[PDB]
file my_file.csv (CSV, C-alpha atoms and all ligand atoms)
chain,number,residue,atom,x,y,z
A,42,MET,CA,47.0,82.7,159.1
A,43,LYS,CA,45.8,85.8,157.3
A,44,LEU,CA,43.6,88.6,158.6
A,45,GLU,CA,40.2,88.1,157.0
A,46,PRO,CA,38.6,91.2,155.6
A,47,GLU,CA,35.8,91.9,158.0
A,48,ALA,CA,32.5,93.3,156.6
A,49,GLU,CA,30.6,96.3,157.9
A,50,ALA,CA,27.0,96.2,158.9
A,51,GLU,CA,26.4,99.4,156.9
A,52,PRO,CA,29.0,99.6,154.1
A,53,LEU,CA,30.0,103.0,152.6
A,54,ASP,CA,29.0,103.8,149.0
A,55,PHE,CA,31.2,106.2,147.1
A,56,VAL,CA,29.6,108.2,144.4
A,57,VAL,CA,30.3,111.3,142.3
A,58,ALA,CA,28.5,114.4,143.6
A,59,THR,CA,25.7,116.0,141.7
A,60,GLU,CA,23.7,119.2,142.2
A,61,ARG,CA,20.9,117.1,143.9
A,62,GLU,CA,23.1,116.5,146.9
A,63,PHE,CA,23.9,120.2,147.7
A,64,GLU,CA,21.6,120.4,150.7
A,65,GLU,CA,22.9,117.2,152.2
A,66,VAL,CA,26.5,118.4,151.8
A,67,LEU,CA,25.6,121.7,153.6
A,68,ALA,CA,24.1,119.5,156.4
A,69,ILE,CA,27.5,117.8,157.0
A,70,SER,CA,29.4,121.1,156.9
A,71,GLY,CA,28.3,123.0,160.0
A,72,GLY,CA,31.0,125.0,161.6
A,73,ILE,CA,33.7,124.2,159.1
A,74,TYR,CA,36.6,126.7,159.3
A,75,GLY,CA,34.7,128.7,161.9
A,76,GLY,CA,32.4,130.0,159.2
A,77,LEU,CA,34.9,130.6,156.4
A,78,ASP,CA,33.9,127.5,154.4
A,79,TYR,CA,34.0,128.2,150.7
A,80,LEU,CA,32.0,125.2,149.7
A,81,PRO,CA,28.5,126.7,150.0
A,82,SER,CA,29.4,129.3,147.5
A,83,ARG,CA,31.6,127.0,145.3
A,84,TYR,CA,29.9,123.6,145.2
A,85,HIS,CA,28.0,124.2,141.9
A,86,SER,CA,31.1,125.6,140.2
A,87,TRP,CA,33.1,122.5,141.3
A,88,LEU,CA,30.6,120.4,139.4
A,89,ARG,CA,31.6,122.1,136.1
A,90,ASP,CA,35.4,121.7,136.4
A,91,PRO,CA,36.6,119.3,133.7
A,92,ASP,CA,39.5,117.9,135.7
A,93,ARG,CA,37.8,117.6,139.1
A,94,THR,CA,36.0,114.7,140.6
A,95,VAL,CA,33.9,115.4,143.8
A,96,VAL,CA,33.4,112.2,145.7
A,97,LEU,CA,30.7,111.7,148.3
A,98,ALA,CA,30.6,108.9,150.9
A,99,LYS,CA,27.1,107.7,151.7
A,100,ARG,CA,25.9,105.4,154.5
A,101,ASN,CA,22.3,104.1,154.2
A,102,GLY,CA,21.8,106.4,151.3
A,103,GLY,CA,22.7,109.6,153.1
A,104,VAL,CA,25.8,111.7,152.5
A,105,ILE,CA,28.3,111.6,155.4
A,106,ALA,CA,31.5,112.8,153.8
A,107,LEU,CA,33.0,114.6,150.8
A,108,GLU,CA,36.4,115.0,149.1
A,109,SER,CA,37.4,116.7,145.9
A,110,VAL,CA,40.3,115.8,143.6
A,111,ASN,CA,41.4,118.1,140.8
A,112,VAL,CA,44.2,117.4,138.3
A,113,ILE,CA,46.5,120.4,137.7
A,114,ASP,CA,50.1,121.2,136.8
A,115,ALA,CA,49.6,119.8,133.2
A,116,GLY,CA,48.5,116.4,134.5
A,117,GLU,CA,51.2,115.8,137.1
A,118,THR,CA,49.5,116.9,140.3
A,119,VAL,CA,46.2,116.0,142.0
A,120,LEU,CA,45.0,118.7,144.4
A,121,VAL,CA,42.9,117.3,147.3
A,122,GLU,CA,40.3,119.8,148.6
A,123,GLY,CA,37.3,120.0,150.9
A,124,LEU,CA,37.8,116.9,153.0
A,125,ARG,CA,34.9,116.7,155.5
A,126,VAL,CA,33.0,114.1,157.5
A,127,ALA,CA,29.6,114.8,159.1
A,128,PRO,CA,30.0,115.6,162.8
A,129,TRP,CA,27.9,112.6,163.7
A,130,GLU,CA,30.2,110.3,161.8
A,131,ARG,CA,33.7,111.5,162.9
A,132,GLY,CA,36.3,109.4,164.6
A,133,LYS,CA,35.3,106.1,163.0
A,134,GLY,CA,37.8,106.1,160.1
A,135,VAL,CA,35.4,107.5,157.5
A,136,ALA,CA,37.9,110.1,156.2
A,137,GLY,CA,40.5,107.4,155.9
A,138,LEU,CA,38.2,105.2,153.8
A,139,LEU,CA,37.2,108.1,151.7
A,140,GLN,CA,40.9,109.1,151.1
A,141,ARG,CA,41.7,105.4,150.2
A,142,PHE,CA,38.8,105.4,147.7
A,143,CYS,CA,39.9,108.7,146.1
A,144,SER,CA,43.5,107.5,145.9
A,145,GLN,CA,42.3,104.4,144.0
A,146,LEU,CA,40.2,106.6,141.8
A,147,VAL,CA,43.0,108.9,140.9
A,148,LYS,CA,45.4,106.0,140.0
A,149,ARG,CA,42.6,104.5,137.9
A,150,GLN,CA,41.4,107.6,136.2
A,151,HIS,CA,44.6,109.7,136.0
A,152,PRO,CA,47.5,107.2,135.7
A,153,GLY,CA,49.9,110.1,134.8
A,154,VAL,CA,49.4,112.0,138.0
A,155,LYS,CA,52.7,111.8,140.0
A,156,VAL,CA,52.0,113.7,143.3
A,157,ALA,CA,49.2,114.8,145.5
A,158,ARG,CA,49.2,118.3,147.0
A,159,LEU,CA,47.1,120.0,149.6
A,160,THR,CA,47.0,123.0,151.9
A,161,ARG,CA,46.6,122.7,155.7
A,162,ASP,CA,46.7,125.0,158.7
A,163,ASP,CA,46.9,122.5,161.6
A,164,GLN,CA,50.3,121.8,163.2
A,165,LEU,CA,52.3,119.1,161.4
A,166,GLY,CA,52.9,116.2,163.7
A,167,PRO,CA,55.4,113.3,163.3
A,168,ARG,CA,53.1,111.1,161.2
A,169,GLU,CA,52.2,114.1,159.0
A,170,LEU,CA,55.9,115.2,158.6
A,171,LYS,CA,56.8,111.7,157.7
A,172,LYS,CA,54.2,111.3,154.9
A,173,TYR,CA,54.6,114.6,153.1
A,174,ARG,CA,57.2,117.0,151.8
A,175,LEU,CA,56.7,120.6,152.9
A,176,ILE,CA,56.9,122.7,149.7
A,177,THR,CA,56.4,126.0,151.5
A,178,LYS,CA,54.5,127.8,154.2
A,179,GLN,CA,52.9,131.2,154.6
A,180,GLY,CA,51.8,133.1,157.6
A,181,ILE,CA,48.0,133.7,158.0
A,182,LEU,CA,46.6,137.0,159.2
A,183,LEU,CA,42.8,137.1,159.6
A,184,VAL,CA,41.0,140.4,160.3
A,185,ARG,CA,37.4,141.4,160.1
A,186,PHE,CA,35.5,144.7,159.6
A,187,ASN,CA,32.3,146.2,158.5
A,188,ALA,CA,32.9,147.6,155.1
A,189,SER,CA,30.8,150.8,155.5
A,190,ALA,CA,32.7,151.5,158.8
A,191,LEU,CA,36.1,151.1,157.0
A,192,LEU,CA,34.9,153.3,154.1
A,193,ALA,CA,33.8,156.1,156.4
A,194,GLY,CA,36.9,156.3,158.5
A,195,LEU,CA,39.7,155.1,156.2
A,196,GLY,CA,40.6,158.5,154.7
A,197,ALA,CA,40.9,160.2,158.1
A,198,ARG,CA,43.0,157.3,159.4
A,199,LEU,CA,45.3,157.6,156.4
A,200,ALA,CA,45.6,161.4,156.9
A,201,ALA,CA,46.5,160.9,160.5
A,202,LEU,CA,49.2,158.3,159.7
A,203,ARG,CA,50.6,160.5,156.9
A,204,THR,CA,50.6,163.7,159.1
A,205,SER,CA,52.3,161.9,161.9
A,206,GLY,CA,54.9,160.4,159.5
A,207,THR,CA,54.0,157.0,160.6
A,208,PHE,CA,52.8,155.6,157.3
A,209,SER,CA,52.4,156.9,153.7
A,210,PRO,CA,51.6,154.4,151.0
A,211,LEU,CA,54.5,153.6,148.7
A,212,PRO,CA,53.9,153.7,145.0
A,213,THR,CA,52.7,150.4,143.4
A,214,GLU,CA,52.3,149.4,139.8
A,215,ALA,CA,49.4,148.1,137.7
A,216,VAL,CA,49.3,144.4,136.6
A,217,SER,CA,47.0,143.5,133.7
A,218,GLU,CA,46.4,139.8,133.2
A,219,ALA,CA,44.9,140.4,129.8
A,220,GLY,CA,47.8,142.6,128.7
A,221,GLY,CA,50.4,139.9,129.5
A,222,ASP,CA,51.7,141.3,132.8
A,223,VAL,CA,50.9,138.3,134.9
A,224,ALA,CA,52.6,135.9,132.5
A,225,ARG,CA,55.7,138.1,132.5
A,226,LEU,CA,55.9,138.0,136.3
A,227,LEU,CA,55.0,134.4,137.0
A,228,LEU,CA,57.0,132.8,134.1
A,229,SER,CA,60.1,134.8,135.2
A,230,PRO,CA,62.7,132.4,136.7
A,231,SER,CA,64.0,135.2,139.1
A,232,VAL,CA,60.4,135.9,140.3
A,233,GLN,CA,59.9,132.1,140.8
A,234,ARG,CA,63.2,131.8,142.8
A,235,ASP,CA,63.1,135.0,144.8
A,236,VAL,CA,59.5,136.2,145.2
A,237,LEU,CA,57.1,133.2,145.0
A,238,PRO,CA,57.1,131.0,148.2
A,239,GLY,CA,58.7,127.7,147.3
A,240,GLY,CA,58.5,128.7,143.7
A,241,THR,CA,54.7,128.3,143.9
A,242,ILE,CA,51.7,130.4,143.3
A,243,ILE,CA,49.1,130.0,146.1
A,244,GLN,CA,45.7,131.5,145.3
A,245,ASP,CA,42.9,131.1,147.9
A,246,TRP,CA,44.6,128.0,149.3
A,247,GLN,CA,45.0,126.5,145.9
A,248,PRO,CA,48.6,125.8,144.8
A,249,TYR,CA,49.8,126.1,141.2
A,250,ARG,CA,53.2,125.5,139.6
A,251,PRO,CA,54.1,128.6,137.5
A,252,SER,CA,53.3,127.4,134.0
A,253,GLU,CA,51.4,128.5,131.0
A,254,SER,CA,48.8,125.7,131.5
A,255,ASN,CA,48.2,126.9,135.1
A,256,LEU,CA,48.1,130.5,134.1
A,257,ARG,CA,45.1,129.8,131.9
A,258,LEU,CA,43.3,128.4,135.0
A,259,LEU,CA,44.1,131.5,137.0
A,260,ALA,CA,43.0,133.9,134.2
A,261,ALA,CA,39.5,132.5,134.2
A,262,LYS,CA,39.0,133.4,137.9
A,263,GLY,CA,38.8,137.2,137.7
A,264,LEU,CA,41.7,137.8,140.1
A,265,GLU,CA,43.2,141.2,140.7
A,266,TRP,CA,47.0,141.7,140.9
A,267,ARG,CA,49.4,144.4,142.1
A,268,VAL,CA,53.2,144.6,142.2
A,269,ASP,CA,55.8,146.9,143.5
A,270,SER,CA,57.7,147.2,140.2
A,271,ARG,CA,57.1,145.3,137.0
A,272,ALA,CA,60.7,146.0,136.0
A,273,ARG,CA,62.2,144.7,139.3
A,274,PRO,CA,59.5,142.7,141.0
A,275,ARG,CA,60.0,142.0,144.8
A,276,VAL,CA,56.4,141.9,146.2
A,277,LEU,CA,53.4,140.6,144.2
A,278,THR,CA,49.9,140.4,145.6
A,279,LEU,CA,46.8,138.5,144.4
A,280,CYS,CA,43.2,139.3,145.4
A,281,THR,CA,40.6,136.6,145.0
A,282,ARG,CA,37.1,138.2,144.3
A,283,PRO,CA,35.1,138.1,147.6
A,284,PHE,CA,32.4,135.5,148.0
A,285,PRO,CA,29.7,134.6,150.5
A,286,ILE,CA,30.6,132.5,153.6
A,287,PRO,CA,28.3,131.1,156.2
A,288,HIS,CA,29.9,132.9,159.2
A,289,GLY,CA,27.3,134.7,161.3
A,290,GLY,CA,24.4,132.7,159.9
A,291,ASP,CA,22.8,135.8,158.4
A,292,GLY,CA,24.1,136.1,154.9
A,293,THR,CA,26.0,139.4,155.6
A,294,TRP,CA,29.5,138.0,155.5
A,295,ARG,CA,32.0,137.9,152.6
A,296,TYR,CA,35.5,136.3,152.5
A,297,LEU,CA,38.3,138.4,150.9
A,298,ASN,CA,41.5,136.4,150.3
A,299,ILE,CA,44.8,138.1,149.5
A,300,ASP,CA,48.0,136.2,148.8
A,301,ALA,CA,51.2,138.2,149.2
A,302,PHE,CA,54.5,137.0,147.8
A,303,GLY,CA,57.8,138.7,148.8
A,304,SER,CA,59.7,140.0,151.7
A,305,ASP,CA,59.2,143.8,151.7
A,306,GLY,CA,56.7,144.5,154.5
A,307,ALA,CA,56.2,148.2,153.5
A,308,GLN,CA,55.1,147.0,150.0
A,309,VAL,CA,52.8,144.4,151.5
A,310,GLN,CA,51.2,147.1,153.6
A,311,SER,CA,50.8,149.4,150.6
A,312,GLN,CA,49.5,146.7,148.3
A,313,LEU,CA,47.0,145.4,151.0
A,314,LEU,CA,45.7,149.0,151.3
A,315,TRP,CA,45.4,149.2,147.5
A,316,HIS,CA,43.3,146.0,147.4
A,317,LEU,CA,41.1,147.1,150.3
A,318,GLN,CA,40.4,150.3,148.5
A,319,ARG,CA,39.6,148.5,145.3
A,320,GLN,CA,37.3,145.9,147.0
A,321,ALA,CA,35.6,147.7,149.8
A,322,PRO,CA,33.1,149.9,147.8
A,323,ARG,CA,31.4,146.8,146.3
A,324,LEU,CA,31.1,145.4,149.8
A,325,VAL,CA,29.1,148.3,151.3
A,326,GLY,CA,26.5,147.0,153.7
A,327,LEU,CA,28.4,143.8,154.2
A,328,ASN,CA,30.8,142.3,156.8
A,329,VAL,CA,34.3,141.1,155.7
A,330,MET,CA,36.6,138.3,156.8
A,331,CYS,CA,39.9,139.4,155.2
A,332,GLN,CA,42.6,136.8,155.2
A,333,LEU,CA,46.1,137.8,154.1
A,334,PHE,CA,48.8,135.2,153.5
A,335,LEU,CA,52.3,136.5,153.7
A,336,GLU,CA,55.9,135.6,154.6
A,337,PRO,CA,56.0,134.8,158.3
A,338,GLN,CA,58.4,137.5,159.4
A,339,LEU,CA,56.0,140.1,158.1
A,340,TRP,CA,53.0,139.0,160.2
A,341,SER,CA,53.5,141.2,163.2
A,342,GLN,CA,54.1,144.3,161.1
A,343,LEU,CA,50.9,143.6,159.1
A,344,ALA,CA,48.9,142.7,162.1
A,345,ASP,CA,49.8,146.1,163.7
A,346,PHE,CA,49.1,148.0,160.5
A,347,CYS,CA,45.7,146.4,160.2
A,348,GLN,CA,44.6,146.8,163.8
A,349,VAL,CA,46.2,150.1,164.8
A,350,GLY,CA,46.6,151.8,161.5
A,351,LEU,CA,43.4,150.7,159.7
A,352,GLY,CA,41.1,150.0,162.6
A,353,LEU,CA,40.4,146.3,161.6
A,354,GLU,CA,39.8,143.6,164.2
A,355,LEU,CA,42.3,140.8,164.6
A,356,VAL,CA,40.2,137.6,164.7
A,357,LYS,CA,42.9,135.3,166.0
A,358,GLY,CA,46.6,134.9,166.6
A,359,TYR,CA,49.3,133.7,164.3
A,360,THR,CA,48.8,130.5,162.3
A,361,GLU,CA,50.5,129.1,159.2
A,362,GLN,CA,49.4,127.7,155.8
A,363,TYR,CA,51.4,124.6,154.9
A,364,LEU,CA,51.7,123.4,151.3
A,365,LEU,CA,52.2,119.6,151.4
A,366,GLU,CA,53.1,117.1,148.7
A,367,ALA,CA,53.2,113.3,148.6
A,368,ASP,CA,54.1,110.8,145.9
A,369,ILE,CA,51.1,108.9,144.6
A,370,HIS,CA,52.6,105.4,144.3
A,371,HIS,CA,55.3,105.6,147.0
B,1,LIG,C1,39.2,116.4,159.4
B,1,LIG,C2,38.0,115.5,159.3
B,1,LIG,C3,37.6,115.4,157.8
B,1,LIG,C4,38.4,114.1,159.8
B,1,LIG,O1,37.4,113.2,159.6
B,1,LIG,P1,37.3,111.8,160.5
B,1,LIG,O2,36.4,110.8,159.9
B,1,LIG,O3,36.9,112.2,161.9
B,1,LIG,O4,38.9,111.3,160.5
B,1,LIG,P2,39.4,109.7,160.9
B,1,LIG,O5,38.4,109.2,162.0
B,1,LIG,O6,39.3,108.9,159.7
B,1,LIG,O7,40.9,109.8,161.5
B,1,LIG,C5,41.2,110.4,162.8
B,1,LIG,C6,42.7,110.6,163.0
B,1,LIG,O8,43.3,109.8,162.2
B,1,LIG,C7,44.6,110.3,161.9
B,1,LIG,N1,45.0,109.8,160.6
B,1,LIG,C8,46.3,109.4,160.3
B,1,LIG,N2,46.2,109.0,159.0
B,1,LIG,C9,45.0,109.1,158.6
B,1,LIG,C10,44.4,108.9,157.3
B,1,LIG,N3,45.0,108.3,156.1
B,1,LIG,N4,43.1,109.1,157.1
B,1,LIG,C11,42.4,109.6,158.1
B,1,LIG,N5,42.9,109.9,159.3
B,1,LIG,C12,44.2,109.6,159.6
B,1,LIG,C13,44.5,111.8,161.8
B,1,LIG,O9,45.6,112.4,162.6
B,1,LIG,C14,43.1,112.1,162.4
B,1,LIG,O10,43.3,112.9,163.4
B,1,LIG,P3,42.0,113.7,164.1
B,1,LIG,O11,41.3,112.8,165.1
B,1,LIG,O12,42.4,115.0,164.8
B,1,LIG,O13,41.0,114.1,163.0
B,1,LIG,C15,36.9,115.9,160.2
B,1,LIG,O14,37.3,116.3,161.5
B,1,LIG,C16,36.2,117.2,159.6
B,1,LIG,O15,35.3,117.0,158.8
B,1,LIG,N6,36.6,118.5,159.9
B,1,LIG,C17,36.0,119.7,159.4
B,1,LIG,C18,36.5,120.1,158.0
B,1,LIG,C19,38.0,120.1,158.1
B,1,LIG,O16,38.6,120.8,158.9
B,1,LIG,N7,38.8,119.3,157.1
B,1,LIG,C20,40.2,119.2,157.1
B,1,LIG,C21,40.8,120.4,156.2
B,1,LIG,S1,42.5,120.1,155.7
B,2,LIG,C1,43.2,111.1,149.0
B,2,LIG,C2,43.8,111.0,147.6
B,2,LIG,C3,45.3,110.6,147.6
B,2,LIG,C4,46.3,111.7,147.9
B,2,LIG,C5,46.8,111.7,149.4
B,2,LIG,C6,46.7,113.0,150.1
B,2,LIG,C7,45.6,113.0,151.1
B,2,LIG,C8,45.2,114.4,151.6
B,2,LIG,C9,43.9,114.4,152.5
B,2,LIG,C10,43.2,115.7,152.8
B,2,LIG,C11,43.9,117.0,152.7
B,2,LIG,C12,43.1,118.2,153.1
B,2,LIG,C13,42.5,118.9,151.9
B,2,LIG,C14,41.8,120.2,152.3
B,2,LIG,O1,40.6,120.1,152.7
B,2,LIG,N1,42.4,121.5,152.2
B,2,LIG,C15,41.6,122.7,152.6
B,2,LIG,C16,42.4,124.0,152.5
B,2,LIG,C17,41.6,125.1,153.1
B,2,LIG,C18,40.8,126.1,152.4
B,2,LIG,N2,40.3,126.9,153.3
B,2,LIG,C19,40.7,126.5,154.5
B,2,LIG,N3,41.5,125.5,154.4
B,2,LIG,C20,40.4,122.7,151.7
B,2,LIG,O2,40.4,122.6,150.5
B,2,LIG,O3,39.2,122.9,152.3
call {"tool": "encode", "arguments": {"input": "my_file.csv", "output": "structure tokens", "more": "lines below"}}
Ligand SMILES: CC(C)(COP(=O)(O)OP(=O)(O)OC[C@H]1O[C@@H](n2cnc3c(N)ncnc32)[C@H](O)[C@@H]1OP(=O)(O)O)[C@@H](O)C(=O)NCCC(=O)NCCS
Ligand SMILES: CCCCCCCCCCCCCC(=O)N[C@@H](Cc1cnc[nH]1)C(=O)O
result
Amino acid sequence: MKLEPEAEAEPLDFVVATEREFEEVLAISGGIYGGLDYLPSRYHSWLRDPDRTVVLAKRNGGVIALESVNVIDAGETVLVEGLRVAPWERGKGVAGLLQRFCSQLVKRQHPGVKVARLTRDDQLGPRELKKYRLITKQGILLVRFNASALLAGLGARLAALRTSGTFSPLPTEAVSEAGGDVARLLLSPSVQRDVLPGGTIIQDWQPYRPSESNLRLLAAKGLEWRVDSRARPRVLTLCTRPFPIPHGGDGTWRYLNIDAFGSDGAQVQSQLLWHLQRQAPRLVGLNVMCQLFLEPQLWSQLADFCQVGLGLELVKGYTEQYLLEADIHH
């Protein structure tokens, strides 16, 4: 005897998101990432991405879940983002059904995609470690501060650290994307082997293989870069322009994401400081969640520098960003 497919009293309808559903999507997104959800600020931009499909699950005509798929890596990879189910619909298998629908959609619409990729900060259990390959992992440092408070006291803090011999910023070098410097770094095999984590660029949780096609995607985002030495690169940092996040409920918070690649902690310190100096003036009057992704063995050094040296508040303890990959057809 076979198992008969059983019907649901209220079947799910899967549809492509439009701008009209924005408010219903916010209504399912309360509390996500403790207020660091990017989707409020990014939803409308997602609707314009030519290789992205944003899928909504609906029950009785109302949105109850969302998942985005975006084809990258010259057609070989689908990046899965934003998976969420309304709190009043969780624990029923909705995320599973949505994932199953998006898997069918990708295979139908993008038959050349070979792998799925995603980033994830929850601990990998047996089931998870069985289904995915771990490409790489970065440590996550999350600190917060009032930008005007940082601006007022930073100079004096730096002077105290210099006078005491505790810290003086090491020289860093300019990186111009328009002038070709980013391509020279990211298309270098030695940079890919020795600097990038798992040979991968991670930018604001989004993984990219280091290729010309992906560099075009990065160049449209207005990133800022810094390096220790263009001639002999060992530490490369990438700052994503800050954007509003729902934390605090009051509109005063911005999210500043910095990805750091390489093993020299002193250079990560000096480059972090450079990015903070570049970004903080435009953030006067606002509050900042600053999240730095870096090689794990540097976390403690950077946490101390941020807290004690720079007077920023540590939001939480150590966690990790996992980059995971699975074959599409198994
Ligand atoms: C994560 C989230 C989307 C799950 O939605 P859900 O409908 O409750 O998940 P399901 O009921 O289908 O599955 C529950 C369990 O099944 C397990 N599971 C195993 N395989 C699964 C699969 N293919 N699909 C779904 N769940 C699976 C998971 O371990 C999951 O664990 P959990 O109870 O801790 O969530 C939901 O908790 C949420 O919206 N969180 C806020 C946003 C967020 O954190 N998203 C994840 C970012 S990577
Ligand atoms: C389903 C299609 C077939 C492929 C099979 C793979 C299934 C993967 C399921 C879900 C993966 C989770 C994706 C996600 O949500 N990543 C976070 C990262 C993040 C950003 N800021 C904080 N965290 C995000 O984009 O929000």
call {"tool": "residues_near_ligand", "arguments": {"input": "my_file.csv", "ligand": "ligand LIG 1 (chain B)", "cutoff": "9 Å", "atoms": "all atoms listed in the file", "output": "ChimeraX atom specification"}}
result
/A:69-74,78,106-108,121-128,130-141,159-163,166,168-169
call {"tool": "write_last_selection", "arguments": {"input": "my_file.csv", "atoms": "C-alpha atoms", "output": "PDB file, keeping the file's coordinate frame"}}
result
ATOM      1  CA  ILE A  69      27.500 117.800 157.000  1.00  0.00           C
ATOM      2  CA  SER A  70      29.400 121.100 156.900  1.00  0.00           C
ATOM      3  CA  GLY A  71      28.300 123.000 160.000  1.00  0.00           C
ATOM      4  CA  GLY A  72      31.000 125.000 161.600  1.00  0.00           C
ATOM      5  CA  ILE A  73      33.700 124.200 159.100  1.00  0.00           C
ATOM      6  CA  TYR A  74      36.600 126.700 159.300  1.00  0.00           C
ATOM      7  CA  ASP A  78      33.900 127.500 154.400  1.00  0.00           C
ATOM      8  CA  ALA A 106      31.500 112.800 153.800  1.00  0.00           C
ATOM      9  CA  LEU A 107      33.000 114.600 150.800  1.00  0.00           C
ATOM     10  CA  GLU A 108      36.400 115.000 149.100  1.00  0.00           C
ATOM     11  CA  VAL A 121      42.900 117.300 147.300  1.00  0.00           C
ATOM     12  CA  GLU A 122      40.300 119.800 148.600  1.00  0.00           C
ATOM     13  CA  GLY A 123      37.300 120.000 150.900  1.00  0.00           C
ATOM     14  CA  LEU A 124      37.800 116.900 153.000  1.00  0.00           C
ATOM     15  CA  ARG A 125      34.900 116.700 155.500  1.00  0.00           C
ATOM     16  CA  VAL A 126      33.000 114.100 157.500  1.00  0.00           C
ATOM     17  CA  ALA A 127      29.600 114.800 159.100  1.00  0.00           C
ATOM     18  CA  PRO A 128      30.000 115.600 162.800  1.00  0.00           C
ATOM     19  CA  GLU A 130      30.200 110.300 161.800  1.00  0.00           C
ATOM     20  CA  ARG A 131      33.700 111.500 162.900  1.00  0.00           C
ATOM     21  CA  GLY A 132      36.300 109.400 164.600  1.00  0.00           C
ATOM     22  CA  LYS A 133      35.300 106.100 163.000  1.00  0.00           C
ATOM     23  CA  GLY A 134      37.800 106.100 160.100  1.00  0.00           C
ATOM     24  CA  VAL A 135      35.400 107.500 157.500  1.00  0.00           C
ATOM     25  CA  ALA A 136      37.900 110.100 156.200  1.00  0.00           C
ATOM     26  CA  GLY A 137      40.500 107.400 155.900  1.00  0.00           C
ATOM     27  CA  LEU A 138      38.200 105.200 153.800  1.00  0.00           C
ATOM     28  CA  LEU A 139      37.200 108.100 151.700  1.00  0.00           C
ATOM     29  CA  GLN A 140      40.900 109.100 151.100  1.00  0.00           C
ATOM     30  CA  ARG A 141      41.700 105.400 150.200  1.00  0.00           C
ATOM     31  CA  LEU A 159      47.100 120.000 149.600  1.00  0.00           C
ATOM     32  CA  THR A 160      47.000 123.000 151.900  1.00  0.00           C
ATOM     33  CA  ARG A 161      46.600 122.700 155.700  1.00  0.00           C
ATOM     34  CA  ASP A 162      46.700 125.000 158.700  1.00  0.00           C
ATOM     35  CA  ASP A 163      46.900 122.500 161.600  1.00  0.00           C
ATOM     36  CA  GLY A 166      52.900 116.200 163.700  1.00  0.00           C
ATOM     37  CA  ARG A 168      53.100 111.100 161.200  1.00  0.00           C
ATOM     38  CA  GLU A 169      52.200 114.100 159.000  1.00  0.00           C
TER      39      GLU A 169
END
call {"tool": "residues_around", "arguments": {"input": "my_file.csv", "residues": "residue A:355", "least_positions_apart": "6", "cutoff": "12 Å", "atoms": "only C-alpha atoms", "output": "number ranges by chain"}}
result
A: 181-186, 329-333, 340-341, 343-349
call {"tool": "residues_near_point", "arguments": {"input": "my_file.csv", "point": "(58.0, 139.8, 146.2)", "cutoff": "12 Å", "atoms": "all atoms listed in the file", "output": "MDAnalysis selection string"}}
result
chainID A and resid 226:227 231:238 240 242 267:271 273:279 300:309 312 335:336
call {"tool": "write_last_selection", "arguments": {"input": "my_file.csv", "atoms": "C-alpha atoms", "output": "short mmCIF file (atom, residue, chain, number, x, y, z; two decimals), in the coordinates of the input"}}
result
data_model
loop_
_atom_site.label_atom_id
_atom_site.label_comp_id
_atom_site.auth_asym_id
_atom_site.auth_seq_id
_atom_site.Cartn_x
_atom_site.Cartn_y
_atom_site.Cartn_z
CA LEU A 226 55.90 138.00 136.30
CA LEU A 227 55.00 134.40 137.00
CA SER A 231 64.00 135.20 139.10
CA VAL A 232 60.40 135.90 140.30
CA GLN A 233 59.90 132.10 140.80
CA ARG A 234 63.20 131.80 142.80
CA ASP A 235 63.10 135.00 144.80
CA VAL A 236 59.50 136.20 145.20
CA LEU A 237 57.10 133.20 145.00
CA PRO A 238 57.10 131.00 148.20
CA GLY A 240 58.50 128.70 143.70
CA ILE A 242 51.70 130.40 143.30
CA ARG A 267 49.40 144.40 142.10
CA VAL A 268 53.20 144.60 142.20
CA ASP A 269 55.80 146.90 143.50
CA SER A 270 57.70 147.20 140.20
CA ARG A 271 57.10 145.30 137.00
CA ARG A 273 62.20 144.70 139.30
CA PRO A 274 59.50 142.70 141.00
CA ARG A 275 60.00 142.00 144.80
CA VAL A 276 56.40 141.90 146.20
CA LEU A 277 53.40 140.60 144.20
CA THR A 278 49.90 140.40 145.60
CA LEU A 279 46.80 138.50 144.40
CA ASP A 300 48.00 136.20 148.80
CA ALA A 301 51.20 138.20 149.20
CA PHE A 302 54.50 137.00 147.80
CA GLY A 303 57.80 138.70 148.80
CA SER A 304 59.70 140.00 151.70
CA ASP A 305 59.20 143.80 151.70
CA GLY A 306 56.70 144.50 154.50
CA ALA A 307 56.20 148.20 153.50
CA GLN A 308 55.10 147.00 150.00
CA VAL A 309 52.80 144.40 151.50
CA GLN A 312 49.50 146.70 148.30
CA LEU A 335 52.30 136.50 153.70
CA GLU A 336 55.90 135.60 154.60
#
